Amino acid sequence: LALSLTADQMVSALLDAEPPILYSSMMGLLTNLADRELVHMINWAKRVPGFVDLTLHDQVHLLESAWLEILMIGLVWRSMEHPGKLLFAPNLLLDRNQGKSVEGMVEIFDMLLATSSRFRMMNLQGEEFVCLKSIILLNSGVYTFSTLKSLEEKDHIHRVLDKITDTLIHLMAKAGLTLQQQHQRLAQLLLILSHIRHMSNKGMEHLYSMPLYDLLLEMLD
Amino acid sequence: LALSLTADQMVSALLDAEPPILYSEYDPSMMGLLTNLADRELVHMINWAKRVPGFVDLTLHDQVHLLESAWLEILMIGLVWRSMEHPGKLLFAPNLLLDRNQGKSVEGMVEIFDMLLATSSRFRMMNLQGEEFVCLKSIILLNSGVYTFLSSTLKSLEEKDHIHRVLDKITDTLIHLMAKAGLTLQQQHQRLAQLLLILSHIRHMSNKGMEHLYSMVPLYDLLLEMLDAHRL
Ligand SMILES: O=C(c1ccc(OCCN2CCCC2)cc1)c1c(-c2ccc(O)cc2)sc2cc(O)ccc12
Ligand SMILES: O=C(c1ccc(OCCN2CCCC2)cc1)c1c(-c2ccc(O)cc2)sc2cc(O)ccc12
């Protein structure tokens, strides 16, 4: 059970669950990439402690709400060592000028780059990244689930979320930050999740300007 | 100087800065009432923003960018605060208390109405304190538009560093309140996380709100006009 994992077991479990880096006119290639990444995201999600404990429909609701944020935080994480570029795939590395080549995408491209720089600046660690990605999955769809079962599901989510918060703090203490630094960095990282939400919402409007439930359900069952 | 404030003075300053609760303005359509209401609160939001420690130290341009990004999240978080004691209802104004049946009559509104309601539920179940609320509303102002700053110039980096120091101060202030309420360190870090994850929902509701309102002078120029006082 997720609730009885230590901090180290949480980290280890999330690190093990990491999906592969996939390989790649542009929207064709990006779409093809993302669609293939989704199949592995579902697999990753089944390994996030606590996630399989939820009902199938709740599982679907969470992925339905979080999938683009998850693709974007992975994007932003793999683009950290490539200032001014987004590493969509090891063979698809794109600059803002290439992003301009698509109607509607420069502004989000620009948001994506800036997030990547911010991760670089904070020197985001891999262990921290996997916690953040897990928080997105469990948090993004949660408030948009009055029934008896919903009470139970929400309670479980907020206990797993609390476990992940403990894990982030443990990581920051091991690294030798002061208590004050720990809370400050925790806060810094969580506020970044709000930008990621923002990019995802703008991403979706952009994608829709050119049903997923059934598809996740098939993949999840 | 905002960076020299203690947690208690930070809190006192934020409580003092609180805007008033405005009334809806009508003889006793719904979107007209809501719009007139929101437009009048905007004026007061600018006064509040100037009173948030650290905000006026920024350039006019950055002040306007932060508010252009965050105004609707600020209207929504206030609405959610004032609706906490009215389960199933949104208290837009003491004279405009709406249930979801009434939000359904405005086309496209119900989904966001429900999200606003669930946020209010969450605040109530968490026992959100007034002091936590004002700190969260400040975080929204300073954080929402922070990663959409155009410039990478020296001035810009100074500005962003100042903003991040002020956000850090608010984090210390939140943690201090939780320590004063007797939470263990673990409970403190847990509740801070729960609070900040709610902001990501507030962001989401604002985005969906903006899409809805766009389906119903440029805002940048309006805020500019308001924050740009003369001293006559
Ligand atoms: O360009 C994309 C993308 C393209 C198609 C797409 O979905 C097509 C529908 N599919 C059917 C059901 C499931 C999805 C998703 C993302 C990407 C991004 C994007 C960046 C900027 C923006 O304006 C919008 C989208 S970020 C990103 C990251 C990755 O790792 C891969 C891909 C992209
Ligand atoms: O209904 C509203 C609202 C109406 C107009 C509006 O702006 C009209 C344009 N003006 C030009 C210049 C700037 C704005 C903003 C909010 C509200 C909300 C809303 C809730 C659900 C939703 O689907 C969308 C909007 S939440 C909220 C909270 C408050 O205190 C007051 C008002 C509302």
# chains A, B, ... in the order shown; residues from 1 in each chain; ligands from 1
$ residues_near_ligand --ligand "ligand 2" --cutoff "7 Å" --atoms "only C-alpha atoms and all ligand atoms" --output "CSV table (one decimal) with N, CA, C and O atoms, in the first residue's frame"
chain,number,residue,atom,x,y,z
B,31,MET,N,-25.9,38.3,-16.6
B,31,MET,CA,-24.5,38.6,-17.0
B,31,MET,C,-24.2,40.1,-17.0
B,31,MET,O,-23.1,40.4,-16.7
B,34,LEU,N,-23.6,40.7,-13.2
B,34,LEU,CA,-22.2,40.2,-12.9
B,34,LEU,C,-21.1,41.0,-13.5
B,34,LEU,O,-20.1,41.3,-12.8
B,35,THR,N,-21.3,41.5,-14.7
B,35,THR,CA,-20.3,42.3,-15.4
B,35,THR,C,-20.1,43.6,-14.7
B,35,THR,O,-19.0,44.1,-14.4
B,37,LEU,N,-20.8,44.3,-11.7
B,37,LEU,CA,-20.2,44.0,-10.4
B,37,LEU,C,-18.7,43.8,-10.5
B,37,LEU,O,-17.9,44.5,-9.8
B,38,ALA,N,-18.3,42.9,-11.4
B,38,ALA,CA,-16.8,42.7,-11.6
B,38,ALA,C,-16.0,43.9,-12.0
B,38,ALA,O,-14.9,44.1,-11.5
B,39,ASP,N,-16.6,44.8,-12.8
B,39,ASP,CA,-15.9,46.0,-13.3
B,39,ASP,C,-15.7,46.9,-12.2
B,39,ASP,O,-14.7,47.6,-12.1
B,41,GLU,N,-15.5,46.0,-8.9
B,41,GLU,CA,-14.5,45.4,-8.0
B,41,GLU,C,-13.1,45.6,-8.5
B,41,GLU,O,-12.1,45.6,-7.8
B,42,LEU,N,-12.9,45.7,-9.8
B,42,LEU,CA,-11.6,45.8,-10.4
B,42,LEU,C,-10.9,47.0,-9.9
B,42,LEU,O,-9.7,47.0,-9.5
B,72,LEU,N,-8.9,37.7,-12.8
B,72,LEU,CA,-10.0,36.8,-12.7
B,72,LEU,C,-9.8,35.7,-11.6
B,72,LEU,O,-10.8,35.4,-10.9
B,75,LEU,N,-10.8,37.7,-8.5
B,75,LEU,CA,-12.3,37.7,-8.3
B,75,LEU,C,-12.8,36.4,-7.9
B,75,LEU,O,-13.7,36.4,-7.0
B,76,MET,N,-12.4,35.3,-8.5
B,76,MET,CA,-12.8,34.0,-8.1
B,76,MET,C,-12.4,33.5,-6.7
B,76,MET,O,-13.3,33.0,-6.0
B,78,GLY,N,-11.9,35.4,-4.1
B,78,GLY,CA,-12.7,36.2,-3.2
B,78,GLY,C,-14.1,35.6,-3.2
B,78,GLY,O,-14.7,35.4,-2.1
B,79,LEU,N,-14.7,35.3,-4.4
B,79,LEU,CA,-16.0,34.8,-4.4
B,79,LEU,C,-16.1,33.5,-3.6
B,79,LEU,O,-17.1,33.2,-2.9
B,92,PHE,N,-22.0,36.2,-4.9
B,92,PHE,CA,-21.3,37.2,-5.8
B,92,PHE,C,-21.3,38.5,-5.0
B,92,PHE,O,-20.3,39.3,-5.0
B,108,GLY,N,-23.2,28.3,-20.8
B,108,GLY,CA,-21.8,28.0,-20.6
B,108,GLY,C,-21.3,28.2,-19.2
B,108,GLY,O,-20.1,28.0,-18.9
B,109,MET,N,-22.2,28.6,-18.3
B,109,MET,CA,-21.7,28.9,-17.0
B,109,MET,C,-21.6,27.8,-16.0
B,109,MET,O,-20.7,27.8,-15.1
B,110,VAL,N,-22.5,26.8,-16.1
B,110,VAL,CA,-22.7,25.8,-15.0
B,110,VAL,C,-21.4,25.0,-14.6
B,110,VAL,O,-21.3,24.6,-13.4
B,112,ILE,N,-18.2,25.9,-14.7
B,112,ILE,CA,-17.4,26.7,-13.9
B,112,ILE,C,-18.0,27.0,-12.5
B,112,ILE,O,-17.4,27.0,-11.5
B,113,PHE,N,-19.3,27.3,-12.5
B,113,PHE,CA,-20.1,27.4,-11.3
B,113,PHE,C,-19.9,26.2,-10.3
B,113,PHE,O,-19.7,26.4,-9.1
B,208,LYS,N,-10.8,28.8,-17.9
B,208,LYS,CA,-12.1,28.4,-18.4
B,208,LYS,C,-13.0,29.5,-18.3
B,208,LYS,O,-13.9,29.7,-19.2
B,209,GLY,N,-12.9,30.4,-17.3
B,209,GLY,CA,-13.7,31.6,-17.2
B,209,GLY,C,-13.4,32.6,-18.3
B,209,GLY,O,-14.3,33.2,-18.9
B,210,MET,N,-12.1,32.8,-18.6
B,210,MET,CA,-11.7,33.7,-19.7
B,210,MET,C,-12.2,33.2,-21.1
B,210,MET,O,-12.6,34.0,-21.9
B,212,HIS,N,-15.0,31.4,-21.6
B,212,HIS,CA,-16.4,31.7,-21.5
B,212,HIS,C,-16.7,33.1,-21.7
B,212,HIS,O,-17.5,33.4,-22.6
B,213,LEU,N,-16.0,34.0,-21.1
B,213,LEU,CA,-16.2,35.5,-21.2
B,213,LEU,C,-15.8,36.0,-22.6
B,213,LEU,O,-16.5,36.9,-23.2
B,219,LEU,N,-7.8,45.2,-22.2
B,219,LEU,CA,-7.7,45.1,-20.7
B,219,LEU,C,-6.4,45.7,-20.2
B,219,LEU,O,-6.4,46.5,-19.2
$ residues_near_ligand --ligand "ligand 1" --cutoff "9 Å" --atoms "only C-alpha atoms and all ligand atoms" --output "PyMOL selection string"
chain A and resi 21-22+26-38+67-76+86-89+99+102-109+112+199-200+202-207+211-212+215-216
$ write_last_selection --atoms "N, CA and C atoms" --output "compact mmCIF listing (two decimals), in the first residue's frame"
# COMPACT_ATOMS: atom_id res chain seq x y z
N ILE A 21 11.95 7.45 -23.06
CA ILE A 21 11.99 8.54 -24.01
C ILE A 21 11.76 8.05 -25.45
N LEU A 22 10.67 8.46 -26.03
CA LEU A 22 10.28 8.02 -27.37
C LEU A 22 10.90 8.87 -28.49
N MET A 26 4.70 19.11 -39.14
CA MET A 26 5.13 19.14 -37.74
C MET A 26 4.10 18.62 -36.78
N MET A 27 2.88 19.13 -36.91
CA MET A 27 1.77 18.67 -36.10
C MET A 27 1.52 17.18 -36.31
N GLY A 28 1.81 16.70 -37.52
CA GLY A 28 1.70 15.27 -37.80
C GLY A 28 2.66 14.50 -36.92
N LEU A 29 3.91 14.92 -36.94
CA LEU A 29 4.93 14.27 -36.17
C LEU A 29 4.71 14.40 -34.66
N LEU A 30 4.34 15.61 -34.20
CA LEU A 30 4.08 15.87 -32.79
C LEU A 30 2.90 15.07 -32.28
N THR A 31 1.84 15.00 -33.08
CA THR A 31 0.66 14.24 -32.73
C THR A 31 0.97 12.74 -32.61
N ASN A 32 1.71 12.24 -33.62
CA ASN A 32 2.09 10.83 -33.63
C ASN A 32 2.90 10.54 -32.39
N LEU A 33 3.83 11.43 -32.04
CA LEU A 33 4.67 11.22 -30.86
C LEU A 33 3.85 11.16 -29.55
N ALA A 34 2.90 12.09 -29.44
CA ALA A 34 2.16 12.28 -28.23
C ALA A 34 1.27 11.07 -28.04
N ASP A 35 0.67 10.61 -29.14
CA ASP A 35 -0.24 9.46 -29.08
C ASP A 35 0.45 8.19 -28.62
N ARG A 36 1.71 8.03 -29.02
CA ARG A 36 2.52 6.92 -28.57
C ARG A 36 2.97 7.09 -27.12
N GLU A 37 3.23 8.33 -26.74
CA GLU A 37 3.61 8.62 -25.35
C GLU A 37 2.47 8.33 -24.39
N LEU A 38 1.24 8.54 -24.86
CA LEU A 38 0.06 8.31 -24.02
C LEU A 38 -0.07 6.84 -23.56
N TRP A 67 -3.41 14.63 -18.74
CA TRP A 67 -2.46 14.06 -19.75
C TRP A 67 -1.57 15.10 -20.43
N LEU A 68 -2.12 16.26 -20.81
CA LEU A 68 -1.27 17.25 -21.46
C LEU A 68 -0.25 17.87 -20.49
N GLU A 69 -0.65 18.14 -19.25
CA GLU A 69 0.32 18.62 -18.25
C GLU A 69 1.48 17.64 -18.08
N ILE A 70 1.18 16.35 -18.03
CA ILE A 70 2.20 15.30 -17.89
C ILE A 70 3.12 15.31 -19.12
N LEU A 71 2.57 15.34 -20.32
CA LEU A 71 3.44 15.45 -21.52
C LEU A 71 4.32 16.69 -21.48
N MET A 72 3.75 17.83 -21.03
CA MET A 72 4.51 19.09 -20.94
C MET A 72 5.54 19.11 -19.84
N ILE A 73 5.25 18.59 -18.66
CA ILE A 73 6.35 18.58 -17.66
C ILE A 73 7.52 17.62 -18.09
N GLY A 74 7.19 16.53 -18.75
CA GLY A 74 8.28 15.65 -19.25
C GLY A 74 9.04 16.41 -20.32
N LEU A 75 8.33 17.05 -21.24
CA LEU A 75 9.00 17.90 -22.25
C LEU A 75 9.96 18.90 -21.62
N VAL A 76 9.43 19.66 -20.66
CA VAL A 76 10.19 20.70 -19.99
C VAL A 76 11.43 20.11 -19.24
N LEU A 86 13.20 23.13 -27.31
CA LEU A 86 12.36 22.07 -26.76
C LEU A 86 12.69 20.70 -27.40
N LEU A 87 13.12 19.78 -26.55
CA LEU A 87 13.44 18.42 -26.95
C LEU A 87 12.19 17.56 -26.93
N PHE A 88 11.38 17.68 -27.97
CA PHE A 88 10.20 16.83 -28.09
C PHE A 88 10.59 15.35 -28.13
N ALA A 89 11.67 15.07 -28.87
CA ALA A 89 12.26 13.71 -28.97
C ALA A 89 13.76 13.91 -29.24
N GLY A 99 8.85 26.68 -33.87
CA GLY A 99 7.53 26.84 -33.26
C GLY A 99 6.65 27.89 -33.93
N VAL A 102 4.17 27.15 -36.82
CA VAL A 102 2.83 26.62 -36.58
C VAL A 102 1.96 27.77 -36.05
N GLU A 103 0.79 27.96 -36.65
CA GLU A 103 -0.16 28.96 -36.17
C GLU A 103 -0.52 28.65 -34.71
N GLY A 104 -0.54 29.68 -33.87
CA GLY A 104 -0.94 29.55 -32.46
C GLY A 104 0.03 29.02 -31.41
N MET A 105 1.22 28.58 -31.79
CA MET A 105 2.02 27.84 -30.81
C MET A 105 3.23 28.54 -30.17
N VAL A 106 3.70 29.63 -30.78
CA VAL A 106 4.84 30.39 -30.23
C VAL A 106 4.68 30.80 -28.78
N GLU A 107 3.51 31.32 -28.43
CA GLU A 107 3.29 31.78 -27.06
C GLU A 107 3.44 30.66 -26.04
N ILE A 108 2.91 29.48 -26.37
CA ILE A 108 3.04 28.29 -25.50
C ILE A 108 4.47 27.76 -25.56
N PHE A 109 5.04 27.74 -26.76
CA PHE A 109 6.46 27.42 -26.94
C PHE A 109 7.25 28.26 -26.00
N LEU A 112 6.73 27.27 -22.45
CA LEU A 112 7.47 25.99 -22.25
C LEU A 112 8.96 26.20 -22.05
N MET A 199 -0.39 26.35 -19.14
CA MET A 199 0.09 25.91 -20.48
C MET A 199 -0.80 24.82 -21.08
N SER A 200 -1.16 23.85 -20.26
CA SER A 200 -2.04 22.81 -20.70
C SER A 200 -3.39 23.35 -21.20
N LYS A 202 -4.02 26.37 -22.31
CA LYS A 202 -3.77 27.07 -23.57
C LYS A 202 -3.45 26.09 -24.71
N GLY A 203 -2.63 25.07 -24.42
CA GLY A 203 -2.40 23.94 -25.34
C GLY A 203 -3.69 23.31 -25.87
N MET A 204 -4.59 22.91 -24.98
CA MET A 204 -5.89 22.36 -25.39
C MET A 204 -6.73 23.25 -26.30
N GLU A 205 -6.78 24.56 -26.01
CA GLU A 205 -7.52 25.50 -26.90
C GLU A 205 -6.88 25.49 -28.26
N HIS A 206 -5.56 25.56 -28.28
CA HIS A 206 -4.80 25.51 -29.51
C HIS A 206 -5.04 24.22 -30.31
N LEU A 207 -4.96 23.06 -29.65
CA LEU A 207 -5.20 21.77 -30.31
C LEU A 207 -6.63 21.65 -30.84
N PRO A 211 -14.31 10.09 -28.41
CA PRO A 211 -13.92 10.94 -27.28
C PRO A 211 -12.78 10.33 -26.48
N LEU A 212 -11.88 11.18 -25.97
CA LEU A 212 -10.66 10.76 -25.25
C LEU A 212 -10.95 9.87 -24.03
N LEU A 215 -11.16 6.22 -24.99
CA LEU A 215 -9.81 5.77 -25.33
C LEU A 215 -8.93 5.43 -24.12
N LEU A 216 -8.94 6.30 -23.10
CA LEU A 216 -8.24 6.02 -21.84
C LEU A 216 -8.84 4.81 -21.13
$ select_by_dssp --residues "segment 53-144 of chain B" --states "alpha helix (DSSP H)" --output "PyMOL selection string"
chain B and resi 60-82+100-105+110-126+130-143
$ interface_residues --of "chain A" --to "chain B" --cutoff "6 Å" --atoms "only C-alpha atoms" --output "PDB file with C-alpha atoms, in the first residue's frame"
ATOM      1  CA  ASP A 162       0.372  14.073   1.617  1.00  0.00           C
ATOM      2  CA  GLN A 184      10.366  27.860   0.373  1.00  0.00           C
ATOM      3  CA  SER A 194       0.002  26.275 -11.703  1.00  0.00           C
TER       4      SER A 194
END
$ closest_residue --among "A:2, A:48, A:10, A:210" --to "residue 128 of chain A" --atoms "only C-alpha atoms"
A:10
$ select_by_dssp --residues "chain A" --states "strand (DSSP E)" --output "list in words"
residues 85, 86, 87, 88, 89, 92, 93, 94 and 95 of chain A
$ write_last_selection --atoms "N, CA, C and O atoms" --output "short mmCIF file (atom, residue, chain, number, x, y, z; two decimals), in the first residue's frame"
data_model
loop_
_atom_site.label_atom_id
_atom_site.label_comp_id
_atom_site.auth_asym_id
_atom_site.auth_seq_id
_atom_site.Cartn_x
_atom_site.Cartn_y
_atom_site.Cartn_z
N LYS A 85 15.80 25.66 -26.67
CA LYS A 85 15.18 24.58 -27.45
C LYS A 85 14.23 23.66 -26.63
O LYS A 85 14.44 23.44 -25.43
N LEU A 86 13.20 23.13 -27.31
CA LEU A 86 12.36 22.07 -26.76
C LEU A 86 12.69 20.70 -27.40
O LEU A 86 12.55 20.51 -28.64
N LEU A 87 13.12 19.78 -26.55
CA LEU A 87 13.44 18.42 -26.95
C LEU A 87 12.19 17.56 -26.93
O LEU A 87 11.97 16.80 -26.02
N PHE A 88 11.38 17.68 -27.97
CA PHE A 88 10.20 16.83 -28.09
C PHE A 88 10.59 15.35 -28.13
O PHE A 88 9.95 14.50 -27.46
N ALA A 89 11.67 15.07 -28.87
CA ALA A 89 12.26 13.71 -28.97
C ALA A 89 13.76 13.91 -29.24
O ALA A 89 14.14 15.00 -29.69
N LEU A 92 14.00 15.24 -32.42
CA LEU A 92 13.07 16.31 -32.75
C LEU A 92 13.29 17.44 -31.74
O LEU A 92 12.54 17.60 -30.74
N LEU A 93 14.37 18.17 -31.96
CA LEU A 93 14.69 19.26 -31.10
C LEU A 93 14.37 20.57 -31.82
O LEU A 93 14.89 20.83 -32.90
N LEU A 94 13.46 21.37 -31.26
CA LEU A 94 12.91 22.54 -31.98
C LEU A 94 13.11 23.89 -31.25
O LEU A 94 13.05 23.97 -30.02
N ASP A 95 13.41 24.93 -32.02
CA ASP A 95 13.64 26.28 -31.49
C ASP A 95 12.37 27.08 -31.69
O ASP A 95 11.45 26.64 -32.39
#
$ atom_distance --atom1 "atom CA of residue 52 of chain A" --atom2 "atom CA of residue 143 of chain A"
18.5 Å
$ closest_residue --among "A:15, A:175, A:164, A:6" --to "residue 137 of chain A" --atoms "only C-alpha atoms"
A:164
$ closest_residue --among "A:158, A:83, A:41, A:214" --to "residue 126 of chain B" --atoms "only C-alpha atoms"
A:158
$ residues_around --residues "residue 153 of chain A" --least-positions-apart "4" --cutoff "10 Å" --atoms "only C-alpha atoms" --output "list in words"
residues 53, 54, 55, 58, 142, 145, 148, 149, 157 and 158 of chain A
$ closest_residue --among "B:59, B:222, B:43, B:128" --to "residue 156 of chain B" --atoms "only C-alpha atoms"
B:59
$ atom_distance --atom1 "atom CA of residue 7 of chain A" --atom2 "atom CA of residue 220 of chain A"
27.2 Å
$ atom_distance --atom1 "atom CA of residue 64 of chain B" --atom2 "atom CA of residue 36 of chain B"
21.2 Å
$ residues_around --residues "segment 86-88 of chain B" --least-positions-apart "2" --cutoff "7 Å" --atoms "only C-alpha atoms" --output "ChimeraX atom specification"
/B:83-84,99,117
$ residues_around --residues "residue 50 of chain A" --least-positions-apart "4" --cutoff "10 Å" --atoms "only C-alpha atoms" --output "PyMOL selection string"
chain A and resi 1-3+45-46+54+138+156-157+159-161
$ residues_around --residues "segment 4-21 of chain B" --least-positions-apart "4" --cutoff "6 Å" --atoms "only C-alpha atoms" --output "PyMOL selection string"
chain B and resi 44+48+51+173
$ write_last_selection --atoms "N, CA, C and O atoms" --output "mmCIF file, in the first residue's frame"
data_model
loop_
_atom_site.group_PDB
_atom_site.id
_atom_site.type_symbol
_atom_site.label_atom_id
_atom_site.label_comp_id
_atom_site.auth_asym_id
_atom_site.auth_seq_id
_atom_site.Cartn_x
_atom_site.Cartn_y
_atom_site.Cartn_z
ATOM 1 N N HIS B 44 -11.271 48.518 -7.085
ATOM 2 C CA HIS B 44 -10.804 48.247 -5.727
ATOM 3 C C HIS B 44 -9.673 47.208 -5.703
ATOM 4 O O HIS B 44 -8.803 47.212 -4.805
ATOM 5 N N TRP B 48 -6.138 47.431 -3.584
ATOM 6 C CA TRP B 48 -5.612 46.326 -2.788
ATOM 7 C C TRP B 48 -4.202 45.952 -3.256
ATOM 8 O O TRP B 48 -3.288 45.744 -2.426
ATOM 9 N N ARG B 51 -1.324 47.783 -2.142
ATOM 10 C CA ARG B 51 -1.103 47.651 -0.723
ATOM 11 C C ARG B 51 -0.442 46.328 -0.380
ATOM 12 O O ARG B 51 -0.098 46.089 0.777
ATOM 13 N N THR B 173 5.492 33.227 5.976
ATOM 14 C CA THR B 173 4.352 33.759 6.713
ATOM 15 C C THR B 173 3.284 32.686 6.903
ATOM 16 O O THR B 173 2.797 32.495 8.014
#
